[PDB]
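Engineer: So that we are looking at the same thing, I have put the structure below in structure tokens.
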There are 6 protein chains.
Amino acid sequence: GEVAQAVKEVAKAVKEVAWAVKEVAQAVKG
Amino acid sequence: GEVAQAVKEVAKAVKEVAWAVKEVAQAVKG
Amino acid sequence: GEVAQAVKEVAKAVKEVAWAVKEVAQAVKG
Amino acid sequence: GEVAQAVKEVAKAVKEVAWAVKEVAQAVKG
Amino acid sequence: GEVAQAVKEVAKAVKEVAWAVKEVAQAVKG
Amino acid sequence: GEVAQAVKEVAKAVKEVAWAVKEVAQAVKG
């Protein structure tokens, strides 16, 4: 359980990277 | 099982990063 | 415990990637 | 075994990110 | 212990990605 | 052991991402 919860924290952080990359794409378009 | 399922959630989030990066490439080309 | 703590260190490093990507977006906009 | 196989799926997804970043580099150069 | 040490190697590699992204930001600004 | 070896494969792939990001920085400079 404790290991699985820490791994889920990694998944959440990776999703934050994906959103930041989408921000870059929008800045390039603009 | 519980840990393996959480690791698979990380793999899915990483694929979302890959798609966001492809969106940057398309914005550069456009 | 020790494995979970190492995984949390990965999560923190991933958040640092997200902030660096945000800096790229601001540089492109500027 | 099952945890190791899930971790290998993460490794493959990370390689797909690397290729997408290479596409950005080619788009910038072009 | 062996698994925790390998996870710490991932954290170090992620920090190397963060620095490479900062180099992109500097190149854009320059 | 088997889990640790799979985690080391992830670290190697993350380093490949860092190198690809450096390629982007060089393309921007050029």
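Chain labels run A, B, ... following the order of the structure tokens; each chain numbers its residues from 1, and ligands are numbered from 1 in the order shown.
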Dump as CSV the rows for residues of chain C within 12 Å of chain B: closest atom pair and distance in Å with one decimal, only C-alpha atoms counted, ordered by chain and rising residue number.

Structural biologist:
residue,atom,partner,partner_atom,distance
C:3,CA,B:3,CA,11.8
C:4,CA,B:3,CA,11.0
C:7,CA,B:7,CA,11.2
C:10,CA,B:10,CA,11.9
C:11,CA,B:10,CA,10.9
C:14,CA,B:14,CA,11.3
C:17,CA,B:17,CA,11.8
C:18,CA,B:17,CA,10.8
C:21,CA,B:21,CA,11.1
C:24,CA,B:24,CA,11.7
C:25,CA,B:24,CA,10.8
C:28,CA,B:28,CA,11.4
